[PDB]
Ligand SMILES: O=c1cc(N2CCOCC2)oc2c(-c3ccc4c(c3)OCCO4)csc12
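Below you'll find only one chain, the form solved without the ligand, shown as structure tokens.
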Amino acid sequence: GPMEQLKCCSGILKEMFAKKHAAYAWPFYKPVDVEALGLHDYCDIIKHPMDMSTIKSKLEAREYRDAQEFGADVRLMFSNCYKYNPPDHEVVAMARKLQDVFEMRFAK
């Protein structure tokens, strides 16, 4: 049931945090720091920031009622990256790789 689906979601996120994917997942681990150099315009562009640690905290607080809700936040995280950065940016390529990891798990 929903309990089982959410346990699967936790396992997917755990894999996304794993050393195996760390070379391309690390930009997504923590909230974007809008005080860091270069990011002063982030909140002009991104209305709903999202990151893996926030998703983890929401799973722990049981905020997601089902897998679709969890997946929406994962996709929001990637979409923010695709919206904020130029398409040839290195972080966009890293997002695409981590999104592939996610989508193949989430589908199955």
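Residue positions are given as counts along the sequence shown, with the first one as 1.
The same protein also has a form solved in complex with the ligand, omitted here; what follows describes it.
- Though the partner is left out of this view, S10 does not reach within 4.5 Å of the ligand in the entry with it bound, counting heavy atoms only.
- Not displayed here, the ligand is approached by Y42 to within 4.5 Å at the level of heavy atoms in the entry with it bound.
- The ligand in the entry with it bound comes within 4.5 Å of a heavy atom belonging to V32.
- Interface residue remark: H89 is counted as part of the site for the ligand in the entry with it bound, having a heavy atom within 4.5 Å.
- Annotation: in the entry with it bound, residues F28, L37 and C81 each come within 4.5 Å of the ligand through at least one heavy atom.
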